[PDB]
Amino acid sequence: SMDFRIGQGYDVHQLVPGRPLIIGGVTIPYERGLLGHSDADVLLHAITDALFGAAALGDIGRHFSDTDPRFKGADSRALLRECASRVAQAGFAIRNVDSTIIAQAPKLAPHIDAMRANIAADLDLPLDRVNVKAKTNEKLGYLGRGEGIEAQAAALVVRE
């Protein structure tokens, strides 16, 4: 009950016109969307990587391949749920997740509760163990120019 481990996750996707904007499982109206072979859900990908990392199971690319017919059409919530199943099977219980989305636009505050609810459901966690934060990049860099969106995640687990 004291074998705690920490994991950390990072992801980024390009933001361009012509695709939907989906973050934390939430479709957000915007003139641009994230590019990636999946649904490009940068927040769920970062959290997934933090969870695999806390369990020392490698990373999201080692677990899911575009070539794998099991996951070919899978959205990022299905990937997060499978991640959590593998983390549990390796012997770990998740204690909490925290995260940050960095986007110059749109405003993400109205969507935070919905994202937290999706993530908590997918991880079978109480809502008060899941946190999502959001901020701009103060107009600096490709993030500040609206050319991508970044997500960071931290996860604490314990080996039971």
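Counting begins at 1, following the sequence as shown.
Across the two stretches, 108 to 116 and 91 to 99, the PDB entry reports the greater mean Cα temperature factor for 108 to 116. Once the C-alpha B-factors are averaged per stretch, 61 to 69 and 127 to 135 rank with 61 to 69 first. Annotation for 49, 122, 41, 31: 31 ranks highest, by Cα B-factor. Compared with the other modelled residues of the chain, the Cα B-factor recorded for residue 151 ranks in the lowest third.
For residue 9, the recorded CA temperature factor ranks within the lowest third of the chain's modelled residues. In this PDB entry, the Cα temperature factor of residue 157 sits in the bottom third of its chain's modelled residues, the lowest group.
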